[PDB]
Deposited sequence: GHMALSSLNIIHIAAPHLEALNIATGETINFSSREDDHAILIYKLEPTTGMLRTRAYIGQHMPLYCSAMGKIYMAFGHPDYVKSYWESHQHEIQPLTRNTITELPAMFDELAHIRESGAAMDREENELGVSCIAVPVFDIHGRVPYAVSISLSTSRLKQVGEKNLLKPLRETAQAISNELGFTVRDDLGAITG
């Protein structure tokens, strides 16, 4: 994670300053996302309980859904079979049914973006994007967390633009090869 954080940190800090919001950066470790880097909000007021080293389940993490969306569909079926106990309705919005998840994953795979639409806690939303390697695999992902209230005010696409530009820069720099670096 050292090498990737060195590449990514200036870009993640920049996005943190530009949006004022929580910036999350994860890697995939099979059936969970690992939060390897996190910046707390500056002017943003929503602070999540997420922390560096946290393991985030794929089904309820926006970044985790990105990993599944760019993976094989057999993964999702076997994941549902083998994680029956772990897949739980955290809110009324959590995606707990396989058909619903496939529908969601198709949209993410097509658009290259995911949201957490209050699937972990009401009032908390996230927007996430993939960081591609040279082969179009997705080893890492970036997300912005903020209040659902604020997200409705500013708009997903409005925030998605700098978020994606941030991921693109990281991906481009990784391909070629900060205080928090």
Ranges of the deposited sequence (numbered from 1) for which no C-alpha atom is modelled: 1-6, 184-189
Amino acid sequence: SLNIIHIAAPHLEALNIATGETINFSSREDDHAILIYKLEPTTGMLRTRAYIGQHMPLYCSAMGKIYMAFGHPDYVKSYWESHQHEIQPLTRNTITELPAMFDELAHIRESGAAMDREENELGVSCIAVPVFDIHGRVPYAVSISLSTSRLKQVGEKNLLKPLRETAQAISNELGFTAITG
From here on, numbers count along this sequence of modelled residues.
Residue range whose averaged C-alpha B-factor is higher in the record, 130-138 or 34-42: 130-138
Given 105-113 and 74-82, the range whose Cα B-factors average higher in the PDB entry: 74-82
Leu151 by Cα B-factor - lowest, middle or highest third of the modelled chain: highest
Entry-reported Cα temperature factor of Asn24, expressed as the chain third it lands in: lowest
Modelled-residue ranking by C-alpha temperature factor, third containing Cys60: middle
Lowest, middle or highest third - CA B-factor, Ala69: lowest
Modelled-residue ranking by C-alpha temperature factor, third containing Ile144: lowest
